[PDB]
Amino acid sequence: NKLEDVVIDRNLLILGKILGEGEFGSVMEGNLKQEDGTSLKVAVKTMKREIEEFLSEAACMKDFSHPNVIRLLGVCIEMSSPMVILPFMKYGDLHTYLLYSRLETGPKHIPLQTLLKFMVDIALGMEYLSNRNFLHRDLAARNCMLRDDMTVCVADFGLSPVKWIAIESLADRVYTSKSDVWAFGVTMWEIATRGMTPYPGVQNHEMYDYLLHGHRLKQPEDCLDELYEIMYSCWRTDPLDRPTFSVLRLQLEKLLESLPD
């Protein structure tokens, strides 16, 4: 009964062209009409019956307030005869941006300093979420968006991927914010490599055993050992040994300082 204001009136909302389709749902561009009278550019995620439970998640998420975490604006429901509403991000997802940057006509070559900023942002977003005791469960560069001012924020959290999952979750189904810390390490690598799929040579079905024998992602070509140490700490076998997001965040910030201007 309480979280019912999270719901937005379907006619306040107008949908446009499709921006992508995964097996789950489809993401669309649209316009949301506001209190102002003004309209705001939004992105609309669709998915597919004990449903109340889902609504509470959106209610929770709506409470999130951090510049490095996306703000869910509300939800719509077209009656089964459910769509989440998020601010539109014109620069798109971080993964596709890294790839574009390796091409002419696309964004200039991202220098090291900017690659670190990217990671700091995500570290910060995850710091905040880890404090709220919120478990992400799908962190990857494809799920990090670029703001109009080139800030990175975290998106797609939860909503009900093998190469991003930590050993213990792969094995026992267990998942804690340390498992997210594992995903973050993989994400960092994605950025260091400017969009390589993790574990080249290793097929998905081999992943668990490849990790079980203590094998990790390899160090990228011209990567500082410091940066590599940091990402590697994210994948220590015991979750307890892995650093926390606030421990990580500060390491990246101090490293960024260490680099020339």
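Residue numbers here begin at 1 and follow the sequence given. Whichever C-alpha set is largest while still superposing within 1.5 Å between the two forms counts as the rigid core.
- With 28-36 and 64-72 as candidates, the stretch whose CA atoms show the greater average offset from this form in 5 other deposited structures of this protein after a core fit is 28-36.
- Core superposition of the other structures onto this form places the C-alphas of 82-90 farther off in 5 other deposited structures of this protein than those of the other stretch among 82-90 and 119-127.
- In the other compared entries of this protein that model both flanking residues, residue 103 has coordinates in every one, well short of a third left out.
- Modelling of residue 23 is missing from a third or more of the other compared entries in which both of its neighbours are modelled.
- According to the PDB entry, the deposited sequence contains 4 to 9 residues between residue 81 and residue 82 that lack coordinates.
- The segment from residue 48 to residue 49 is interrupted, since 4 to 9 residues of the deposited sequence in that interval carry no coordinates.
- Averaged over their C-alpha atoms, the temperature factors of 190-198 and 38-46 are higher for 38-46.
- When the mean C-alpha temperature factors of 28-36 and 53-61 are read from the deposited coordinates, 53-61 comes out higher.
- Among all modelled residues in this chain, the alpha-carbon of residue 76 has a temperature factor (C-alpha) in the highest third.
- Among the modelled residues of the chain, residue 248 sits in the lowest third by CA temperature factor in this PDB entry.
- For residue 218, the recorded CA temperature factor ranks within the lowest third of the chain's modelled residues.
- Sorting the modelled residues of the chain by their CA temperature factor places residue 161 in the middle third.
- Remark: residue 132 belongs to the highest third of its chain, ranked by C-alpha B-factor as recorded.
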